[PDB]
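# Here is the input, now give the coordinates:
(chains A, B, C, D and E)
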Amino acid sequence: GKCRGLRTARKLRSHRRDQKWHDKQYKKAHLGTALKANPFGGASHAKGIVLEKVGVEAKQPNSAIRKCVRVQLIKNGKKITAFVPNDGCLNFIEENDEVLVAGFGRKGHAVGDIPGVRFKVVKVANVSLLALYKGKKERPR
Amino acid sequence: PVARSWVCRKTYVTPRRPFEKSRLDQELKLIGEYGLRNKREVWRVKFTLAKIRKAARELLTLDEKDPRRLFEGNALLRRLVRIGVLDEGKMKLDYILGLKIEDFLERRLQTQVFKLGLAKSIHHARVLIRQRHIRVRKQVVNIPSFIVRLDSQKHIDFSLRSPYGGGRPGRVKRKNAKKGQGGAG
Amino acid sequence: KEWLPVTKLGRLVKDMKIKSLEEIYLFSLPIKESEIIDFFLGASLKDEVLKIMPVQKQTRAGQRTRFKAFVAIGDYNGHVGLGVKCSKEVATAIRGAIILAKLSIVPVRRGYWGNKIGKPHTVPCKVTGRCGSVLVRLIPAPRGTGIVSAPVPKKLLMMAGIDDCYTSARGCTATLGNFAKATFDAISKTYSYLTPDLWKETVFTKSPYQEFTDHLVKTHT
Amino acid sequence: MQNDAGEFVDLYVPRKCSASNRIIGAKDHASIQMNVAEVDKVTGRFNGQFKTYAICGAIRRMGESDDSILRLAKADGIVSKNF
RNA sequence: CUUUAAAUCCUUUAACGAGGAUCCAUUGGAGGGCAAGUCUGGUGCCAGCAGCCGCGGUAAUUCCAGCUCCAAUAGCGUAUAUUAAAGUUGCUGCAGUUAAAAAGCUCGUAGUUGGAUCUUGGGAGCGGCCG
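Numbers count the residues shown, from 1 in each chain, chains lettered A, B, ... in the order given. And now the structure:
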């Protein structure tokens, strides 16, 4: 510290206060703009409906195309591009079904070689995608 | 408005570094030589030893001739004597920190019935503890994680309802006897 | 095969005239023969390899790479060591590293925490070491608490013979050479500290040169 | 260091500078165990006893070693007070 | 039998209740952090994996399967809010020449901080100067 007196507390209050608001993580976690911009509204998971399936390309150092699902939410009703994770799973999700959209890991950031997509799919039609992948449970048609 | 307990504490802790070599190898070594089951046993013993060491450090950081310090020091010293880890010859507050985890593991009932000679092997010892066979002061015990006090040592023997302790024959022996009497009859 | 001296130091430790190395650290006298350590420190001296990091140049034709072998050394009751060697391939780099680690050896003094009972187990004071941006601290610790540090100073402290310490680091810790040199400088400054124990004005013992010059004036000229 | 048993746990006693009262370490090579000879009392000869001195590296590093050897020789009595 | 308002739960105890104990232990992994295959087959920048770096272009120690293996084990993995690690909000305990950072300069009211100095010493004794 700099102000090293005894009868001073208010300047140290206001300075630590203002330099704490000058941070970016504290300004993200304590303003309503970051919570308003997030489509989940503070939720961890959220359910939505499939309306169109659009694939997106990769980034520069690795060349592929990654298959994704575009989902309109139920609680909010905003267009959010999710991403079906596993191999050979776009044939399991079709038009107009119930999905469970979740985060992918970097606290609402675009992750890796997928541009502009930050959300994934963990459950479809109230059955888990891992059991559909491993073949222990069958999708109810 | 209910009359319940709501009291619980975790007896184990997990180390900060999950993957490395030396501590994993020595915990595996201790599990091998003392016939334990998993890592939660040694984590529990390390946690209670750390709590004892923290209490000893909190006692040592205060000055001499304080009678709260004298009371908890004498009580903790008498407790570690009564468990049987510390000796009566060296009964001072600074000898708490000169202890290892194997001294706490040595007062296990599994290791005690293994070293007493009634159990042939340490795996056989843990099995026989679980098997409803022993009795300590005429009371049977299922539980290998039993901290044996020093004075309750000579009163360990098989139960009276045990086939090795004299009494009814076993279920497999009576089944084979029934089969033999049916075949020879 | 059989070792022949270069200085008179090898001569005096060869003809059974120097009792220990402790008088050599007493007279602050440099040792530049690594096999004197082989003679006086026996099988308790053990070896380990810290990090093999390659470095490379830049010319017209490719990048000429060379290995940098980091090796510390030290017997588990007393002395330590550290060696930095950079040769062409890895085996000669390792051998030069263990030779230079046997060369640069400082002793350590072991102290106590608060109460004064028994054999020593701890650094006697808050010492520190700095090189580059690494600040390694050694805080005295109660008995049986174990080493609380990063893995490689934990290794250096267990081959130092010091069982219980607390540390505090600062800076770019990811550079292993600077971090290891900083904790070596911290552990070398143990004697380089004035304490009330050292207040007895010692007498000056006669030098081994001054009492063995009657042999080294006639053996080698 | 002393102990409760009365046994010194010291492994080697380090020497001390006679000028600035500091300690010469194990890997300091700028230190000299200086020996000074005294004259025989009657005419001019050499007895055999020694008047030893020591100095650390920092005093020679800043360069005040001649001053220190004069003060030590004057304190032991080799150099007269008038000087 | 016991328990209890009467039961269920627990303890005790007759008759039963095992050998490939099928009376079958899973969950995430094996390039670095990060403990653990340059094993064998298939597509060979497609499929995909990957929290970060990156791995896939025809001998993939990172993909998809078999065997082997390692971590915890009735438990294990993912997402989000938070804490230690953060000496990257620093009162203990940060930085301001060149990496982020001293207002163009001076005065100035609130606020913080503020030079020295006012009372010493002894006695009887516990004993061979002092606790």
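# which residues of the chain fall in helices?
Using chain A here. A:10-21, A:25-29, A:32-37, A:129-134 (DSSP state H).
# Sorry, I should have been clearer: chain D.
In chain order, chain D shows helices spanning D:57-62, D:65-76, with DSSP H as the criterion.
# Identify each buried residue in the shortest one, please.
By neighbour count, and taking 16 or more other C-beta atoms under 10 Å in any protein chain shown as the criterion, the buried residues in helix D:57-62 are D:57, D:59, D:60. Yep, even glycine has a C-beta here, placed from its N, CA and C like the rest.
# Could you list the residues in contact with it?
With C-beta atoms under 8 Å, 6 or more residues apart in numbering or on different chains as the contact definition, helix D:57-62 has outside contacts at D:17, D:19, D:20, D:22, D:24, D:28, D:29, D:30, D:31, D:65, D:68.
# Taking those, please make a PyMOL selection of just the buried ones.
With 16+ other C-beta under 10 Å as the criterion, this PyMOL line picks the buried residues out of the contacts of helix D:57-62:
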select buried, chain D and resi 17+19+22+24+31+65+68
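# wait, which of the contacts of helix D:57-62 is closest to residue C:57?
Comparing the contacts of helix D:57-62 against residue C:57 with C-beta to C-beta places residue D:29 closest, at 33.0 Å.
# Please name the residues that touch the closest one.
C:28, C:30, D:57 are the contacts of residue D:29 under C-beta under 8 Å, 6+ apart.
# do that again at 6 Å, thanks
Contacts of residue D:29 were listed using C-beta atoms under 6 Å, 6 or more residues apart in numbering or on different chains, and they are residue C:30.
# next one: residue A:108
Shown in contact with residue A:108 (C-beta under 6 Å, 6+ apart): residue A:118.
# Residue B:182 too?
Here residue B:182 is in contact with no residue (C-beta under 6 Å, 6+ apart).
# Is it within a helix or a strand, and which one?
Assigned by DSSP states H and E, residue B:182 belongs to helix B:171-184.
# can that helix be found next to RNA strand E?
Yes. Residues of helix B:171-184 are located near RNA strand E by C-beta under 7 Å from any atom of the strand, namely B:171, B:175, B:178.
# ranges for the strands of chain D?
Taking DSSP state E to define them, one finds strands in chain D at D:32-39, D:46-55.
# now, which of the contacts of helix D:57-62 sits nearest residue B:36?
The nearest member of those to residue B:36, counting by C-beta to C-beta, is residue D:28 at 52.4 Å.
# I'd like to know which of the residues of helix B:171-184 next to RNA strand E are buried.
With neighbours counted using 16+ other C-beta under 10 Å, the residues of helix B:171-184 next to RNA strand E contain no buried positions.
# Same list, those residues, but as a markdown table with distance to residue A:13 please.
Compiled in a markdown table, the residues of helix B:171-184 next to RNA strand E are given as follows (distance: C-beta to C-beta, whole Å):
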| residue | distance to residue A:13 |
| --- | --- |
| B:171 | 78 |
| B:175 | 83 |
| B:178 | 88 |
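# so which of those comes closest to residue C:53?
Distance to residue C:53, by C-beta to C-beta, is smallest for residue B:171 among these, at 66.8 Å.
# if I look at that closest one, how far off is residue B:30?
As for residue B:171, its distance to residue B:30 is 35 Å (criterion: C-beta to C-beta, to the nearest Å).
# cool, and residue D:77?
With C-beta to C-beta as the criterion, residue D:77 and residue B:30 are 69 Å apart.
# Any residues of chain B in contact with chain C? List them.
Proximity of chain B to chain C is confined to B:57, B:94, B:97 under the rule C-beta under 6 Å from any C-beta of the partner chain.
# Relative to RNA strand E, which of the residues you listed is nearest.
RNA strand E lies nearest to residue B:57 out of those, by C-beta to the nearest atom of the strand, at 19.0 Å.
# so where does that closest one fall, helix or strand?
Under the criterion DSSP H and E, the helix or strand holding residue B:57 is helix B:39-60.
# Restricting to C-alpha, output that helix in PDB.
Taking only C-alpha atoms (Å, rounded to 0.1, in the frame of the first residue of the first chain), the coordinates of helix B:39-60 have been written out as PDB:
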ATOM      1  CA  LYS B  39      -6.700 -45.400   0.000                       C
ATOM      2  CA  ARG B  40      -9.500 -44.100   2.300                       C
ATOM      3  CA  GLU B  41      -8.000 -45.900   5.200                       C
ATOM      4  CA  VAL B  42      -4.500 -44.300   5.000                       C
ATOM      5  CA  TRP B  43      -6.200 -40.900   4.100                       C
ATOM      6  CA  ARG B  44      -8.300 -41.200   7.300                       C
ATOM      7  CA  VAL B  45      -5.300 -42.100   9.500                       C
ATOM      8  CA  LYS B  46      -3.300 -39.300   8.000                       C
ATOM      9  CA  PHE B  47      -6.200 -36.900   8.600                       C
ATOM     10  CA  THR B  48      -6.600 -37.800  12.300                       C
ATOM     11  CA  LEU B  49      -2.800 -37.700  12.800                       C
ATOM     12  CA  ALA B  50      -2.800 -34.200  11.200                       C
ATOM     13  CA  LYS B  51      -5.600 -33.200  13.600                       C
ATOM     14  CA  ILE B  52      -3.600 -34.400  16.600                       C
ATOM     15  CA  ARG B  53      -0.500 -32.600  15.300                       C
ATOM     16  CA  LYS B  54      -2.500 -29.400  14.800                       C
ATOM     17  CA  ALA B  55      -3.800 -29.600  18.300                       C
ATOM     18  CA  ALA B  56      -0.300 -30.200  19.600                       C
ATOM     19  CA  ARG B  57       1.000 -27.200  17.700                       C
ATOM     20  CA  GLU B  58      -1.900 -25.000  19.000                       C
ATOM     21  CA  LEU B  59      -0.900 -26.200  22.500                       C
ATOM     22  CA  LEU B  60       2.800 -25.500  21.900                       C
END
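# And that helix, what does it pack against?
helix B:67-83, helix B:101-106 (3 or more C-beta pairs under 6 Å, 6 or more residues apart in numbering or on different chains; DSSP states H and E).
# buried sites along it?
For helix B:39-60, the neighbour count (16+ other C-beta under 10 Å) marks B:41, B:42, B:43, B:44, B:45, B:46, B:49, B:52, B:53, B:56, B:59, B:60 as buried.
# Nearest residue to the middle of chain B?
Closest to where the C-alpha atoms of chain B average out (C-alpha atoms, centre = their mean) is residue B:108, at 2.7 Å.
# I'd like the helices of chain A laid out as JSON lines, including distance to chain C.
As requested, the helices of chain A are exported to JSON lines (distance: least, C-beta to the nearest C-beta, whole Å):
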{"stretch": "helix A:10-21", "distance to chain C": "21"}
{"stretch": "helix A:25-29", "distance to chain C": "22"}
{"stretch": "helix A:32-37", "distance to chain C": "32"}
{"stretch": "helix A:129-134", "distance to chain C": "37"}
